[PDB]
Amino acid sequence: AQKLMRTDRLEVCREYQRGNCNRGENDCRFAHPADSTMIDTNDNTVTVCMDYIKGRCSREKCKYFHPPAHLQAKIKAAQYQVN
Ligand SMILES: [Zn+2]
Ligand SMILES: [Zn+2]
C-alpha cells in the first residue's frame with residue numbers, strides 16, 4: 001500500500017468471522033476473506049491489494065485481500081486516483 005498516501009481496509013462479515021456466511025460473494029454488506037490470517041482483530045478488517053483494485057493481482061500467496069465485485073466497487077472508488 002506504500003504506492004499511495006494511505007492504507008486500505010475492508011470490513012469483514014461478523015457472521016463469517018464467528019461461524020459462517022455464504023452471501024459475501026455477491027450480496028452480503030461486508031467482505032468474506034479466504035486467508036483468515038489477513039484479518040486485524042483490533043478492528044475486524046482486512047488489508048486490500050492496491051494492485052487488484054487498480055490493475056491486477058492474482059498470485060495465490062499474496063500479502064493482501066482481493067474483494068468480490070460487490071465489495072470491490074467501494075474500494076475501486078476508495079483508491080487515491082479517485083478519492
Ligand atoms: Zn456475510
Ligand atoms: Zn494481491
# chains A, B, ... in the order shown; residues from 1 in each chain; ligands from 1
>>> residues_around(residues="residue 65 (chain A)", least_positions_apart="2", cutoff="8 Å", atoms="only C-alpha atoms", output="MDAnalysis selection string")
chainID A and resid 33 35 38 46:49 62:63 67
>>> write_last_selection(atoms="C-alpha atoms", output="PDB file, in the first residue's frame")
ATOM      1  CA  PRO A  33     -11.783 -13.258   3.299  1.00  0.00           C
ATOM      2  CA  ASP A  35      -6.991 -16.005   4.077  1.00  0.00           C
ATOM      3  CA  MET A  38      -5.206 -11.193   6.921  1.00  0.00           C
ATOM      4  CA  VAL A  46      -8.675  -6.947   6.042  1.00  0.00           C
ATOM      5  CA  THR A  47      -5.945  -5.003   4.133  1.00  0.00           C
ATOM      6  CA  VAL A  48      -6.906  -4.716   0.406  1.00  0.00           C
ATOM      7  CA  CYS A  49      -4.459  -5.233  -2.526  1.00  0.00           C
ATOM      8  CA  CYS A  62      -0.374 -12.651  -1.806  1.00  0.00           C
ATOM      9  CA  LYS A  63       0.034 -10.338   1.220  1.00  0.00           C
ATOM     10  CA  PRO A  67     -12.568  -8.421  -2.840  1.00  0.00           C
TER      11      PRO A  67
END
>>> residues_near_ligand(ligand="ligand 1", cutoff="12 Å", atoms="only C-alpha atoms and all ligand atoms", output="VMD selection string")
chain A and resid 11 to 33 71
>>> write_last_selection(atoms="N, CA, C and O atoms", output="mmCIF file, in the first residue's frame")
data_model
loop_
_atom_site.group_PDB
_atom_site.id
_atom_site.type_symbol
_atom_site.label_atom_id
_atom_site.label_comp_id
_atom_site.auth_asym_id
_atom_site.auth_seq_id
_atom_site.Cartn_x
_atom_site.Cartn_y
_atom_site.Cartn_z
ATOM 1 N N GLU A 11 -14.256 -4.060 5.837
ATOM 2 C CA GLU A 11 -14.968 -4.652 6.979
ATOM 3 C C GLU A 11 -15.356 -6.107 6.685
ATOM 4 O O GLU A 11 -15.961 -6.400 5.651
ATOM 5 N N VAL A 12 -14.997 -7.015 7.593
ATOM 6 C CA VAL A 12 -15.259 -8.459 7.487
ATOM 7 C C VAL A 12 -16.633 -8.812 8.067
ATOM 8 O O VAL A 12 -17.021 -8.281 9.111
ATOM 9 N N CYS A 13 -17.363 -9.722 7.414
ATOM 10 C CA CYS A 13 -18.679 -10.165 7.876
ATOM 11 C C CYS A 13 -18.605 -10.796 9.278
ATOM 12 O O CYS A 13 -17.879 -11.768 9.524
ATOM 13 N N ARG A 14 -19.364 -10.211 10.213
ATOM 14 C CA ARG A 14 -19.453 -10.643 11.614
ATOM 15 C C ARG A 14 -20.038 -12.051 11.767
ATOM 16 O O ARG A 14 -19.824 -12.671 12.802
ATOM 17 N N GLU A 15 -20.697 -12.603 10.751
ATOM 18 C CA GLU A 15 -21.212 -13.978 10.777
ATOM 19 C C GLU A 15 -20.144 -14.924 10.224
ATOM 20 O O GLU A 15 -19.853 -15.947 10.843
ATOM 21 N N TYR A 16 -19.500 -14.560 9.111
ATOM 22 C CA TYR A 16 -18.387 -15.301 8.528
ATOM 23 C C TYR A 16 -17.236 -15.503 9.532
ATOM 24 O O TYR A 16 -16.765 -16.625 9.727
ATOM 25 N N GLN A 17 -16.805 -14.427 10.200
ATOM 26 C CA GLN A 17 -15.745 -14.425 11.214
ATOM 27 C C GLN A 17 -16.101 -15.245 12.471
ATOM 28 O O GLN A 17 -15.217 -15.811 13.117
ATOM 29 N N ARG A 18 -17.391 -15.307 12.831
ATOM 30 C CA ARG A 18 -17.896 -16.014 14.035
ATOM 31 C C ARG A 18 -18.316 -17.472 13.808
ATOM 32 O O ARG A 18 -18.348 -18.246 14.766
ATOM 33 N N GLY A 19 -18.620 -17.861 12.572
ATOM 34 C CA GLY A 19 -19.026 -19.214 12.182
ATOM 35 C C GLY A 19 -18.972 -19.394 10.668
ATOM 36 O O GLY A 19 -17.997 -19.934 10.137
ATOM 37 N N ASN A 20 -20.004 -18.927 9.959
ATOM 38 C CA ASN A 20 -20.092 -18.931 8.500
ATOM 39 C C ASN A 20 -21.194 -17.982 8.002
ATOM 40 O O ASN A 20 -22.175 -17.706 8.699
ATOM 41 N N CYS A 21 -21.036 -17.562 6.749
ATOM 42 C CA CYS A 21 -21.957 -16.773 5.946
ATOM 43 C C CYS A 21 -21.609 -17.073 4.470
ATOM 44 O O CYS A 21 -20.431 -17.142 4.102
ATOM 45 N N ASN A 22 -22.617 -17.314 3.631
ATOM 46 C CA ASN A 22 -22.466 -17.705 2.218
ATOM 47 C C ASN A 22 -22.864 -16.624 1.185
ATOM 48 O O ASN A 22 -23.056 -16.944 0.008
ATOM 49 N N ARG A 23 -23.036 -15.359 1.604
ATOM 50 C CA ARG A 23 -23.538 -14.258 0.753
ATOM 51 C C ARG A 23 -22.486 -13.258 0.268
ATOM 52 O O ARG A 23 -22.740 -12.554 -0.707
ATOM 53 N N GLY A 24 -21.329 -13.161 0.921
ATOM 54 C CA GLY A 24 -20.260 -12.185 0.632
ATOM 55 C C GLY A 24 -19.801 -12.121 -0.823
ATOM 56 O O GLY A 24 -19.406 -11.070 -1.319
ATOM 57 N N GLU A 25 -19.912 -13.251 -1.514
ATOM 58 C CA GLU A 25 -19.621 -13.453 -2.931
ATOM 59 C C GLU A 25 -20.381 -12.508 -3.885
ATOM 60 O O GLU A 25 -19.862 -12.197 -4.960
ATOM 61 N N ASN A 26 -21.590 -12.049 -3.526
ATOM 62 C CA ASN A 26 -22.397 -11.165 -4.384
ATOM 63 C C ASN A 26 -23.491 -10.332 -3.674
ATOM 64 O O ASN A 26 -24.092 -9.467 -4.311
ATOM 65 N N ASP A 27 -23.797 -10.584 -2.395
ATOM 66 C CA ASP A 27 -24.931 -9.963 -1.683
ATOM 67 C C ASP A 27 -24.679 -9.407 -0.266
ATOM 68 O O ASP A 27 -25.376 -8.465 0.127
ATOM 69 N N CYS A 28 -23.746 -9.965 0.519
ATOM 70 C CA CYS A 28 -23.515 -9.514 1.901
ATOM 71 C C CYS A 28 -23.024 -8.054 1.973
ATOM 72 O O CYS A 28 -22.359 -7.545 1.062
ATOM 73 N N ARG A 29 -23.340 -7.379 3.082
ATOM 74 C CA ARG A 29 -22.968 -5.979 3.365
ATOM 75 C C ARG A 29 -21.486 -5.800 3.725
ATOM 76 O O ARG A 29 -21.003 -4.668 3.782
ATOM 77 N N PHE A 30 -20.771 -6.902 3.955
ATOM 78 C CA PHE A 30 -19.359 -6.965 4.341
ATOM 79 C C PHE A 30 -18.568 -7.967 3.477
ATOM 80 O O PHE A 30 -19.140 -8.699 2.665
ATOM 81 N N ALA A 31 -17.243 -8.009 3.637
ATOM 82 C CA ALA A 31 -16.353 -8.869 2.857
ATOM 83 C C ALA A 31 -16.096 -10.223 3.537
ATOM 84 O O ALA A 31 -16.068 -10.328 4.766
ATOM 85 N N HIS A 32 -15.891 -11.266 2.724
ATOM 86 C CA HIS A 32 -15.610 -12.627 3.187
ATOM 87 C C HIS A 32 -14.185 -13.026 2.738
ATOM 88 O O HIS A 32 -13.996 -13.428 1.583
ATOM 89 N N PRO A 33 -13.173 -12.936 3.623
ATOM 90 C CA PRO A 33 -11.783 -13.258 3.299
ATOM 91 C C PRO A 33 -11.459 -14.754 3.361
ATOM 92 O O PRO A 33 -11.731 -15.422 4.359
ATOM 93 N N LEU A 71 -18.200 -5.803 -3.189
ATOM 94 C CA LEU A 71 -17.361 -5.064 -2.231
ATOM 95 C C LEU A 71 -16.283 -4.235 -2.935
ATOM 96 O O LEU A 71 -16.021 -3.085 -2.579
#
>>> residues_around(residues="region 53-59 of chain A", least_positions_apart="3", cutoff="12 Å", atoms="only C-alpha atoms", output="number ranges by chain")
A: 1, 3-4, 8-9, 47-50, 62-69, 71-82
>>> atom_distance(atom1="atom 1 (Zn, counted along the ligand's line) of ligand 2", atom2="CA of residue 60 (chain A)")
8.4 Å
>>> select_by_dssp(residues="chain A", states="alpha helix (DSSP H)", output="PDB file with C-alpha atoms, in the first residue's frame")
ATOM      1  CA  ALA A  69     -17.234  -7.472  -7.410  1.00  0.00           C
ATOM      2  CA  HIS A  70     -19.914  -6.181  -4.931  1.00  0.00           C
ATOM      3  CA  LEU A  71     -17.361  -5.064  -2.231  1.00  0.00           C
ATOM      4  CA  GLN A  72     -14.595  -4.262  -4.768  1.00  0.00           C
ATOM      5  CA  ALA A  73     -16.671  -1.398  -6.327  1.00  0.00           C
ATOM      6  CA  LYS A  74     -16.499   0.540  -2.983  1.00  0.00           C
ATOM      7  CA  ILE A  75     -12.671   0.122  -2.885  1.00  0.00           C
ATOM      8  CA  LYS A  76     -12.223   0.831  -6.653  1.00  0.00           C
ATOM      9  CA  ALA A  77     -13.984   4.134  -5.774  1.00  0.00           C
ATOM     10  CA  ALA A  78     -11.885   4.449  -2.491  1.00  0.00           C
TER      11      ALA A  78
END
>>> closest_residue(among="A:51, A:61, A:83, A:44", to="residue 10 (chain A)", atoms="only C-alpha atoms")
A:44
